[PDB]
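Single chain ahead, written as structure tokens, the form deposited in one PDB entry.
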């Protein structure tokens, strides 16, 4: 097992097609003992996570709640047992109000909406790291989920801005995490058909947005020298596991592209 005996917190499970669902699944298949956090529908998350190959305690964490964050390390050492520490943290959390993404014009997202999106999608990566670094082992590993924001793209709008901020946060958390013997890195995934992503191709955020996102995915798979299957999250899940393992021991403040090699190719 790649992850044998490691104890690892995985956030971000909301449905069984959440990228964090598959990260959890692969991590357990690989020997890891998990603690899970979930945001707002804990009954639902409890029922989805019943499906994982092994039981895992589930704690509530709303990344905008000072109090949840303040108590987090206590609730975790409670769940894993006093004198035990975390080897791994997975941040797989993201959100942008719909005004920052539609065919809703880029200049019309108001700042309260984008600030909410950056709070949850970028800043929260530092918050998690602050709450959890005190309970991590030397040799530990924090991983977040990224979508390559280095060129602008249609429809993603402020969510791309949010990702740009995240990558920058990640280089700072790596500075802090290093004092603990801990790595911090991002996985830049190719587009994956979550519920939300399907809703958007189906037009939930405007028809032209849906059309641009559909073209985005097809181009991705054409460029990728090994192809990209948007319906299969397990290559991303394996990549997060690769970072949680002892096999990337000199990589930090960094970004690993789990995207079919698409970003390396112009067409």
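Superpose the two forms; the largest set of C-alphas matching within 1.5 Å is the rigid core. Numbering follows the first chain given and starts at 1.
This next part talks about the form deposited in another entry, which is not shown.
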Rigid core superposition between the shown form and the other one: residue from 233, 63, 241, 213 with Cα shift of 2 Å or more: 213
C-alpha of residue 53: shift of 2 angstroms or more between the shown form and the other one, rigid core aligned? no
Take the rigid core as the frame of reference and indicate whether the C-alpha of residue 31 shifts by 2 Å or more between the shown form and the other one. no
Take the rigid core as the frame of reference and indicate whether the C-alpha of residue 42 shifts by 2 Å or more between the shown form and the other one. no
The CA atoms of residue 200 and residue 93 move 3 Å or more in that other deposited form, ending up closer
Given a CA distance change of at least 3 Å, are residue 118 and residue 200 closer or farther in that other deposited form? closer
